[PDB]
Number of protein chains: 2
Amino acid sequence: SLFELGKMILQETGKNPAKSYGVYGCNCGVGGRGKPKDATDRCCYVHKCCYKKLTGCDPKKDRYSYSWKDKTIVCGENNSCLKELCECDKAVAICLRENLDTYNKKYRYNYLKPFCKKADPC
Amino acid sequence: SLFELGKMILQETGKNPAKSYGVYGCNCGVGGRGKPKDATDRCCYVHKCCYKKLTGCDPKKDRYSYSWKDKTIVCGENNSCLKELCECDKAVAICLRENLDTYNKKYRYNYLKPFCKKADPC
């Protein structure tokens, strides 16, 4: 769920998930996908695409087990869907962190997501 | 559109709309409605309901004219839906502004809007 996702992003990036990625670019946070504005945004793009593919569980609300072991998100062996969900979340948290170097505050508070160029299909 | 809306919110509240109301509470910013966390959130609640009554225009993207006259949002005539849209946006900007005094930064960055109690029907 967003609980785990939020925590992962926090654990990885060291950033407040909602603050730094709640309305970032065309893909981070709620809204759907749009043309990624940068690497950070594409993390979220990929992440949402990851969600799209998920069947059998709710990415937003379904809880799952993961742990923070040796500063690594380790998804619990939940079930197939929740594991994928966890891995989606882990991936984006890692991705967001990996792309903190190009994280652009200019993209941080995007009130204009619907005006993002349409996203390619996932 | 979110251009006018954001601008209205800015003009009324002085606040960066996406920062302060992009992810605030259960109702502000993208996402839908939820039980308002407070008066600010309830503005957005009312706003989103206001949107629900619109037909013939896209509240997110359809631009419309309004002027900032005597520190008042004055909706241009536009057309019926855009006028009504503008009035929705005006109302929430005003409401957001009116409720700055209880604007709670602890609701500002809600990564968990899906976990908000379900909104009442509009």
Side-chain angles (χ1 to χ4, degrees), chain A residues 1-34 37 41 44 47-48 51 54 57-59 62-64 85 89 92-93 96 104-116 118-119, chain B residues 1-34 37 41 44 47-48 51 54 57-64 85 89 92-93 96 104-116 118-119:
Chain A
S1 81
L2 285 155
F3 283 108
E4 294 82 3
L5 175 57
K7 203 186 177 183
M8 287 184 187
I9 290 169
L10 174 61
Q11 284 166 326
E12 282 289 327
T13 65
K15 306 312 221 162
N16 179 320
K19 178 176 174 179
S20 305
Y21 306 104
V23 277
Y24 184 106
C26 302
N27 297 277
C28 293
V30 67
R33 292 168 316 114
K37 284 212 154 290
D41 203 23
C44 292
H47 179 244
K48 278 179 176 171
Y51 277 9
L54 298 186
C57 66
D58 185 353
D62 282 7
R63 305 303 296 269
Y64 56 75
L85 173 54
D89 291 345
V92 74
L96 292 174
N104 200 331
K105 288 178 183 190
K106 265 192 203 32
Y107 297 144
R108 172 177 273 171
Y109 298 129
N110 190 6
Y111 204 63
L112 299 127
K113 289 181 171 292
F115 284 91
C116 293
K118 176 165 173 188
Chain B
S1 81
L2 288 141
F3 284 100
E4 293 76 22
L5 175 56
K7 195 182 182 176
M8 286 187 190
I9 288 169
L10 170 61
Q11 292 180 302
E12 287 284 331
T13 69
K15 257 50 196 58
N16 176 324
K19 181 175 169 194
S20 291
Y21 308 105
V23 194
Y24 186 104
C26 295
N27 294 271
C28 299
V30 208
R33 292 164 324 113
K37 288 230 81 96
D41 205 21
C44 297
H47 184 241
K48 276 186 176 52
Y51 275 8
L54 296 172
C57 70
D58 184 334
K60 299 188 171 314
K61 285 168 89 242
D62 285 336
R63 306 219 47 176
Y64 54 78
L85 169 59
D89 293 347
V92 71
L96 291 176
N104 196 331
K105 284 172 67 167
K106 93 201 196 72
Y107 303 142
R108 172 180 274 171
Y109 297 126
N110 185 7
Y111 210 62
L112 304 166
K113 286 169 172 289
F115 284 91
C116 297
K118 188 180 178 187

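Atom set for the values below is all heavy atoms of this structure, side chains included, hydrogens, waters and symmetry mates excluded. Note on naming: letters A, B, ... go to the chains in the order of the sequence lines (proteins, then strands), and numbering restarts at 1 for each one.
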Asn16(B) versus chain A, the contacting section by heavy-atom distance below 4.5 Å: side chain
Give me the atom names and distance for the closest heavy-atom approach of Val30(A) to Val30(B). CG1-O, 3.1 Å
Between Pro114(A) and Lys60(B) the two heavy atoms that sit nearest each other are CG-CD, 3.7 Å
Geometric class of the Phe115(A)/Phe3(B) ring pair [parallel <30°, tilted 30-60°, perpendicular >60°]: perpendicular
Tell me if the centroids of the rings in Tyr111(A) and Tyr21(B) come within less than 6.0 Å of each other. no
Under 4.5 Å from any heavy atom of chain A - which part of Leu5(B): both
Reported NZ-to-NZ distance for the pair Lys19(A) and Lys105(B), which is rounded to 0.5 angstrom: 8.0 Å
